[PDB]
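Naming: A, B, ... by sequence-line order, numbering from 1 per chain. When a ligand or atom number is given, it counts from 1 through the structure's own listing order.
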Amino acid sequence: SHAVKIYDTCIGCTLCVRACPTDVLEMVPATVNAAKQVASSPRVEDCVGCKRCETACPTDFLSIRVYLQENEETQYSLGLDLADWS
Amino acid sequence: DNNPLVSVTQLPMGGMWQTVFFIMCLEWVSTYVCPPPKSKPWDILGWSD
Amino acid sequence: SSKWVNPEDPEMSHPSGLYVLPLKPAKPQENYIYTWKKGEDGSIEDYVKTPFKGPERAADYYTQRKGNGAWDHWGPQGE
Amino acid sequence: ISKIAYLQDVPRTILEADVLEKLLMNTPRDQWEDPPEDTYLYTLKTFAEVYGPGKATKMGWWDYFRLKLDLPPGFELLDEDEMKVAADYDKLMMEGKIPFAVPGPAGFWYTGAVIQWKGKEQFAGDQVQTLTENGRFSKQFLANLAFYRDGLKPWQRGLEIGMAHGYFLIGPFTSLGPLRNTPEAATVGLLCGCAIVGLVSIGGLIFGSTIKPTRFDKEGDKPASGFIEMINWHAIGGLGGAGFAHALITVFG
Amino acid sequence: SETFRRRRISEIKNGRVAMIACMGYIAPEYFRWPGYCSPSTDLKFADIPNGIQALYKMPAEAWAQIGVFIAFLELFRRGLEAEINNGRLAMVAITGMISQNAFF
Ligand code: CLA
Ligand code: KC2
Ligand code: KC2
Ligand SMILES: CC1=C(/C=C/C(C)=C/C=C/C(C)=C/C=C/C=C(C)/C=C/C=C(C)/C=C/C2=C(C)CCCC2(C)C)C(C)(C)CCC1
Ligand SMILES: CC1=C(/C=C/C(C)=C/C=C/C(C)=C/C=C/C=C(C)/C=C/C=C(C)/C=C/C2=C(C)CCCC2(C)C)C(C)(C)CCC1
Ligand code: SF4
Ligand code: SF4
């Protein structure tokens, strides 16, 4: 699976969460920024690696980073449809 | 010869028996391996499923 | 507020990232395969789900998979 | 309808009564109140609110010309039968039934048949019905193939399949091989066919050793034992069929 | 069991075909049908030989037509005890005769 990390530069605009195609991310309460919320990545097992969160991130450099891990590819991260590894 | 009845005789026995055997195999498959339903005996291709 | 408890590291959250524990069925579905079922009156069905005693393919690769998670890494709560 | 102000006593010049009836029938009922901007009914509403009895009774020649240009004629709108046919088509497709057609030259013909496109599992794309695979004849044929036939031992399945495979395999080498013109063409082709049978049987043994299918296995038996038995007997049957074909060729020239 | 039943059917059949083959080996020497077996090639029964030589002699077309007829036939209790016993005897006789013809 890929690694989706969030950094404190986050401003809690929720655009990453809204752009998530498989609902990997969710906003959580925080005090670091004025919006009082920061995106989290609890369901990183479903991350496919499309980097749409990264596309939608406003900050100067991304407060959300998706690191691709081709060696640890799973069926959920590969979006397998015709074949099942479960 | 263009006349089909003459062409039958002009054809080799090899081809004639091959044709007869192929039609026999088709009939066997259609009547024993994949028999049509008793309600629609003419439904060879099984459309009524 | 997540009911899931991480098996490897209790301090961390569960890898699943879910908040509601799974619901077990009344009777788990048994292994099956889609085959024909001759109707005994000349009929025949195409995709009939019929029981299969064991794994359809007994390869170690196939049988090692339990479906608990991506790597079967979810705790007992996954089942 | 009477409740619509602009549809009341529309002058014949702006739009004929029959064409107006056809346009209303074609248009959805809910759109009569306030039709979308890009519709004939919208044009008719806009111009009937301005022209007609109790309003401007004259128009410039060019304005009237443009109005008649952009209003619809009778033959442009669909007929009752055409609308019924389209509605039936859409209803069939949404219900999951397909008015059967086969592609032809740069098109497709309608065979006049309605089939059940959706299978038992509605959301399963594997189960969509087709005559090729889900017809009675196809079901019976596939079920009666050696791989599938009921009441057959794995050795019987493999033997029959291999007989067929070797018997047809010897021929290509015999007829089109490098030594096709030599007196040993048939024997060399038999050797090549037996080699091909052996290679495919070795591949099948690899398949049964790696994936280990267990559909042919007896109860309480080692996994893939039935499949391996079937593959070994396929090798035997291929040898036998290749030899039989070679013998027939040699004996009958 | 299924194997015993299949083997019984196979034995009965091999016995019938063996009686038939023994009769077809015995009869031709005594007498042969007339009437130009293959008039196209000017072939006659007196000319055709009896035994394994017939396979080469008479045309592949004729052999294929015989095979097609057999294919049609196949595709479309003291008496039984005598049948099976005679089947055994005829199988022994036909295998012996064919082996002798091939060897010598
Ligand atoms: C695809 C193109 C093609 C074709 C048609 C041929 C054809 C031929 N090559 Mg080959 N050849 C090719 C590409 C091709 N070559 C290429 C790319 C190379 C360079 C690597 C060579 C190099 C080469 C050499 C060096 C030689 C040949 C030779 C031959 C001949 C014998 C081959 C043989 O033994 O086949 C064996 C055939 C089979 C095992 C059977 C496979 C095909 C069957 C018929 C498929 C049937 C499918 C069936 C319809 C499915 C029905 C299913 C269901 C509905 C029932 C033959 C004329 C030999 C020769 O002497 O030629 C005169 C020879 O020495 N070829
Ligand atoms: C009715 C359907 C039919 C089918 C399903 C079918 C299938 C096959 C197959 C595949 C299973 C093969 C491999 C095959 C091979 C040959 N066929 Mg054949 N064939 C059919 C029909 C005819 C007719 C009408 C003739 C004929 C012939 C030949 C010749 C020529 C040899 C030569 O001329 O030396 C060869 C090699 C001609 C013939 O026998 O000529 C003496 C001939 O007239 N076939 N044929
Ligand atoms: C017992 C099975 C059997 C059946 C059921 C059967 C049926 C029919 C039918 C029925 C629809 C017709 C119309 C027909 C026609 C011809 N048959 Mg045939 N026939 C059978 C057996 C043999 C044998 C053993 C030979 C043979 C032949 C010929 C010749 C060519 C003669 C020639 O050579 O001039 C022709 C025209 C000979 C042959 O092919 O010779 C090269 C040959 O030896 N047949 N045969
Ligand atoms: C049912 C059946 C069947 C079956 C079959 C099968 C199932 C098969 C398969 C088979 C297989 C499954 C095969 C395989 C093959 C293989 C191959 C072809 C391989 C190759 C390889 C490679 C190419 C590799 C390479 C390498 C090396 C060695 C080292 C390192 C590097 C590399 C990677 C390069 C048959 C027909 C018999 C008969 C009838 C019955
Ligand atoms: C679709 C189509 C088609 C197709 C066809 C086909 C595909 C066919 C096939 C064919 C084939 C593919 C055949 C085969 C056959 C085979 C055989 C006939 C075999 C036999 C064998 C034997 C007899 C053996 C024996 C043995 C053994 C097993 C072992 C030991 C030794 C011995 C020798 C005893 C056609 C063209 C018609 C046309 C129309 C359409
Ligand atoms: S990851 Fe980017 S888009 Fe999402 S809350 Fe943080 S700054 Fe906003
Ligand atoms: S890469 Fe795509 S799937 Fe993964 S967290 Fe980002 S938006 Fe979601």
In this structure, atom 12 (C) of ligand 4 is nearest to the protein heavy atom D:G203 O, 4.0 Å
One finds that the ligand 6 atoms under 4.0 Å from a non-hydrogen atom of A:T59 are 7 (S)
Closest to atom 1 (S) of ligand 7 among protein heavy atoms sits A:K51 N, 3.1 Å
**Asked** Taking the side chain from C:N31 and the backbone from C:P55, do they hold a donor-acceptor pair closer than 3.5 Å?
**Response** no
Counting from 1 in the order shown, the ligand 7 atoms closer than 4.0 Å to a non-hydrogen atom of A:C20 are 7 (S), 8 (Fe)
**Report entry** Residues, nucleotides or ligands: over 12 heavy atoms within 6.0 Å of A:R52 CZ
**Finding:** no
Next on the checklist: Strictly distance-based, threshold 3.5 Å: is any side-chain N or O of D:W117 a donor or acceptor partner for the main-chain N or O of D:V128?
Outcome noted: no
Closest to atom 2 (Fe) of ligand 7 among protein heavy atoms sits A:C50 SG, 2.6 Å
for atom 4 (Fe) of ligand 7, nearest protein heavy atom and its distance come out as A:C47 SG, 2.8 Å
Quick look: A:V48 vs ligand 7, heavy-atom contacts under 4.0 Å, and the answer is both
Any non-hydrogen protein atom below 4.0 Å of atom 7 (C) of ligand 4?
-> yes
Quiz prompt | NZ or CZ of C:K49 within 45° of C:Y32 ring axis and under 6.0 Å | solution = yes
- Start with the C-alpha distance between C:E45 and C:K38, add both sets of side-chain angles, then the distance that settles salt bridge (charged side-chain N to carboxylate O under 4.0 Å, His left out), and finish with yes or no. CA-CA 7 Å; C:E45 281 66 40; C:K38 276 152 221 71; over 6 Å; no
Item checked: Backbone of A:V48 reached by a side-chain donor or acceptor of A:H2 within 3.5 Å -> yes
Do D:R149's NZ or CZ and the ring of D:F147 fall within the cation-pi criteria of under 6.0 Å and 45°?
no
For the backbone of D:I206 and the side chain of D:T210, can you confirm whether one donor and one acceptor N or O come within less than 3.5 Å of each other?
yes
Would atom 10 (C) of ligand 4 count as contacted, meaning some protein heavy atom under 4.0 Å?
yes
Of all protein heavy atoms, the one nearest atom 7 (S) of ligand 7 is A:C53 N, 3.3 Å
for atom 36 (C) of ligand 4, nearest protein heavy atom and its distance come out as D:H165 CE1, 4.3 Å
Here the atoms of ligand 6 under 4.0 Å from any heavy atom belonging to A:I64 are 1 (S)
One finds that the ligand 6 atoms under 4.0 Å from a non-hydrogen atom of A:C13 are 3 (S), 5 (S), 8 (Fe)
Note: A:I11, heavy atoms under 4.0 Å from ligand 6, region reported as both
D:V200 heavy atom under 4.0 Å from ligand 4: yes
Would the distance check show the side chain of C:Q77 and the main-chain N or O of C:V5 forming a donor-acceptor pair, the cut-off being under 3.5 Å? yes
Honestly, for A:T14 the part within reach of ligand 6 (heavy atoms, under 4.0 Å) is backbone
Under 4.0 Å between heavy atoms, the region of D:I206 that gets near ligand 4 turns out to be neither
Counting heavy atoms under 4.0 Å, the part of A:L25 that contacts ligand 7 is side chain
The atoms of ligand 6 lying under 4.0 Å from a heavy atom of A:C10, numbered in the order shown, are 5 (S), 6 (Fe), 7 (S)
Under the salt bridge (charged side-chain N to carboxylate O under 4.0 Å, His left out) criterion, do E:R5 and E:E2 qualify, and how do the steps go?
-> CA-CA 5 Å; E:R5 283 145 198 225; E:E2 293 177 350; over 6 Å; no
**Q.** salt bridge (charged side-chain N to carboxylate O under 4.0 Å, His left out) between C:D41 and B:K38, intermediate numbers included
**A.** CA-CA 10 Å; C:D41 184 1; B:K38 328 186 267 178; 3.7 Å; yes
The atoms of ligand 4 lying under 4.0 Å from a heavy atom of D:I161, numbered in the order shown, are 39 (C)
shortest atom 1 (C) of ligand 4-to-protein heavy-atom contact is with D:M230 CE, 3.7 Å
Got a donor-acceptor contact below 3.5 angstrom from the B:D43 side chain to the B:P36 backbone?
-> no
**Message:** Counting only heavy atoms not in A:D84 (residues, nucleotides, ligands), do more than 12 fall under 6.0 Å from its CG?
**Reply:** yes
Within the 4.0 Å heavy-atom cut-off, what D:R157 brings close to ligand 4 is neither
Under 4.0 Å from one or more heavy atoms of A:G49, ligand 7 contributes atoms 1 (S), 4 (Fe)
The atoms of ligand 4 lying under 4.0 Å from a heavy atom of D:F207, numbered in the order shown, are 7 (C)
In this structure, atom 5 (C) of ligand 4 is nearest to the protein heavy atom D:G204 CA, 4.2 Å
